[PDB]
Amino acid sequence: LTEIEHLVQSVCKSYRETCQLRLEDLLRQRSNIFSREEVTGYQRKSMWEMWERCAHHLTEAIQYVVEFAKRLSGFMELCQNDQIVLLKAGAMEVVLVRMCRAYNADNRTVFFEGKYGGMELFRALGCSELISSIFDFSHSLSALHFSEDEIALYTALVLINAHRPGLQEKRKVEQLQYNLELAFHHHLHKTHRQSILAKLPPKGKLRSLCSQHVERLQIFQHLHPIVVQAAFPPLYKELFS
Ligand SMILES: O=C(O)c1ccc(/N=C/c2c(-c3c(Cl)cccc3C(F)(F)F)noc2-c2cc[nH]c2)cc1
Ligand SMILES: CC(C)CCC[C@](C)(O)[C@H]1CC[C@H]2[C@@H]3CC=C4C[C@@H](O)CC[C@]4(C)[C@H]3CC[C@@]21C
């Protein structure tokens, strides 16, 4: 019918094509949990091996988010400066939101390298407080039981934010943002899910968590540079040095 029903469909399709891990796989695998022996195996790995592994997974996760963004109506018609401003500010925020699908609140585990494990899996990295904060964020989000379409629409909005500093064509970003806001709000009304609005994270929370996360990734990358399977030169250039 309207532009807006079509926009819901195209955002959800973009998400489906880029969600990386299927929800029904993630749910089915919840009973597949790392054994005590497997956990010890991970805890004994070098900090630097765990860093290599996690950095590679995080890179790949960011690439799926970039592909998601590229498929959002109007995103590719933004100027390249603005595309990069949006991705730099938002792509890791989206990854952190996407985690909640892979997180099981019943036992505080995340799907990692084919089974579920708790935060203690990552002991060798020596960032227990940061990791705990990330797990807690996913735990808060878990309680919403976000649907796949809610995740799609919400994460589109994490990216398409006209308030990011440094945008050159702010009105163009505003147009996209308003349409996405309408799509999300329409969809929540249609599905009797508007109750989630008051339960979503305060925006400051996601921003500060992400900033802390990226800061730690930068520290590790300075200490122990990784090989990146780089697909997006303008974005790579902004994050790596
Ligand atoms: O394919 C490409 O070209 C490409 C380009 C950039 C990429 N990600 C960059 C990262 C990383 C990060 C990661 Cl994921 C791992 C190790 C070290 C880092 C470091 F912090 F060092 F950058 N952290 O946040 C972002 C990010 C991206 C957008 N907003 C935030 C990923 C793939
Ligand atoms: C600060 C870093 C050095 C260590 C970060 C440790 C985390 C929080 O312990 C990371 C390590 C690997 C990360 C995961 C890598 C890949 C994915 C798939 C993506 O679709 C959702 C997020 C998800 C599931 C990540 C969530 C957070 C993880 C699970």
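Keep in mind that the numbers below use all heavy atoms, side chains included, and drop hydrogens, waters and symmetry copies. In each ligand, atom 1 is the first atom listed, and ligand 1 is the first ligand listed. If you read the sequence from its start, that first residue is 1, and numbering goes on from there.
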Decide whether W48 and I226 are clustered together by the hydrophobic rule: side chain heavy atoms of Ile, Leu, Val, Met, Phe, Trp, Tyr closer than 4.5 Å, transitively. yes
Sub-4.0 Å atoms of ligand 2 with respect to non-hydrogen atoms of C54: 11 (C)
Of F111, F34, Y103, which is the lone residue that meets ring-ring contact (aromatic ring centres under 6.0 Å, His included) with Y116? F111
Selection from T59, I134, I62 by shortest heavy-atom distance to atom 8 (C) of ligand 2: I134
Who's the nearest protein heavy-atom neighbour of atom 20 (O) of ligand 2, and how far? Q20 OE1, 2.7 Å
Taking atom 31 (C) of ligand 1 as the reference point, the nearest protein heavy atom with its distance: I62 CG2, 3.7 Å
Ring centres under 6.0 angstrom apart (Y236, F232): no
protein heavy-atom neighbour closest to atom 16 (C) of ligand 1 works out as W51 CH2, 3.6 Å
Given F220, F122, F112, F137, which one has a non-hydrogen atom that is nearest to atom 9 (O) of ligand 2? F122
Within-4.5 Å side-chain heavy-atom neighbours: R30 and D106: yes
Check for a donor-acceptor pair, side chain of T40 on one end and backbone N or O of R36 on the other, with a separation under 3.5 Å. yes
Say whether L200 and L96 are linked into one hydrophobic cluster, either directly or through other cluster members, by side-chain heavy-atom distances under 4.5 angstrom. yes
Ligand 1 contacted by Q229 (non-hydrogen, < 4.0 Å): yes
Can you check which of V65, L239, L86 brings a heavy atom nearest to atom 27 (C) of ligand 1? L239
Suppose I only count heavy atoms of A230 and a 4.0 Å limit; which atoms of ligand 1 are within that range? 1 (O), 2 (C), 3 (O)
For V214, counting its heavy atoms only, list the atoms of ligand 1 lying under 4.0 Å from any of them. 20 (F), 24 (O)
By number and element, which atoms of ligand 1 are closer than 4.0 Å to a non-hydrogen atom of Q63? 1 (O), 2 (C), 32 (C)
Could you check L176 against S73 for side chain to side chain contact (heavy atoms under 4.5 Å, CB included), going step by step and ending with a plain yes or no? CA-CA 8 Å; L176 300 187; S73 183; 5.8 Å; no
Can you tell which part of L58 has a heavy atom less than 4.0 Å from ligand 1: side chain, backbone, both or neither? both
For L130, the ligand 2 atoms with a heavy-atom partner under 4.0 Å come out as 1 (C)
What is the nearest protein non-hydrogen atom to atom 15 (C) of ligand 2, stated with its residue, atom name and distance? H57 CB, 3.7 Å
Distance from atom 24 (C) of ligand 2 to nearest protein heavy atom, with residue and atom: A102 CB, 4.1 Å
Nitrogen or oxygen of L87 less than 3.5 angstrom from that of ligand 1: yes
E93 bridged to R207 by N-O distance under 4.0 Å: no
Evaluate the side-chain proximity of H187 to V8: yes if any heavy-atom separation is below 4.5 Å, no if none is. yes
Check: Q168/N81 side-chain N/O donor and acceptor closer than 3.5 Å: yes
Which protein non-hydrogen atom lies closest to atom 14 (C) of ligand 2, naming both residue and atom, and how far is it? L58 CD2, 4.5 Å
So which protein heavy atom does atom 2 (C) of ligand 2 come closest to, and at what separation? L217 CD2, 3.8 Å
In this structure, atom 17 (C) of ligand 2 is nearest to the protein heavy atom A61 CB, 4.4 Å
Going by the closest heavy atom to atom 6 (C) of ligand 1, which one wins out of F240, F232, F220? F240
for atom 4 (C) of ligand 2, nearest protein heavy atom and its distance come out as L125 CD1, 3.7 Å
Applying a 4.0 Å heavy-atom criterion (strictly less than), which segment of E60 is in contact with ligand 2: side chain, backbone, both, or neither? neither
Does ligand 1 come near enough to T59 that some N or O of the ligand is less than 3.5 Å from an N or O of the residue? no
Looking at atom 30 (C) of ligand 1, what's its closest protein heavy atom, distance included? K88 O, 3.7 Å
I'd like to know if the side chain of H145 pairs up with that of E150 as donor and acceptor (distance under 3.5 Å, no hydrogens or angles considered). no
How far is atom 12 (C) of ligand 1 from its nearest protein heavy atom, and which residue and atom is that? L217 CD1, 3.9 Å
Part of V66 with heavy atoms under 4.0 Å of ligand 1, whether side chain, backbone, both or neither: neither
Strictly by modelled atom types, are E52 and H224 linked by a side-chain donor-acceptor pair under 3.5 Å? yes
Quick one: which of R98, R16, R101, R22 gives a salt bridge (charged side-chain N to carboxylate O under 4.0 Å, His left out) with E148? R101
Ion pair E5/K190, N-O distance below 4.0 Å: yes
Are any non-hydrogen side-chain atoms of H222 and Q218 less than 4.5 angstrom apart? no
Side chain, backbone, both or neither: which part of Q218 has a heavy atom under 4.0 Å from ligand 1? both
Protein contact of atom 27 (C) of ligand 2 - nearest heavy atom, named by residue and atom, plus distance: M99 SD, 3.9 Å
Any nitrogen or oxygen of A231, main chain or side chain, under 3.5 Å from a nitrogen or oxygen of ligand 1? yes
Walk me through whether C54 and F220 qualify under side chain to side chain contact (heavy atoms under 4.5 Å, CB included). CA-CA 11 Å; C54 289; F220 272 116; over 6 Å; no
Under-4.0 Å salt bridge between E24 and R28: no
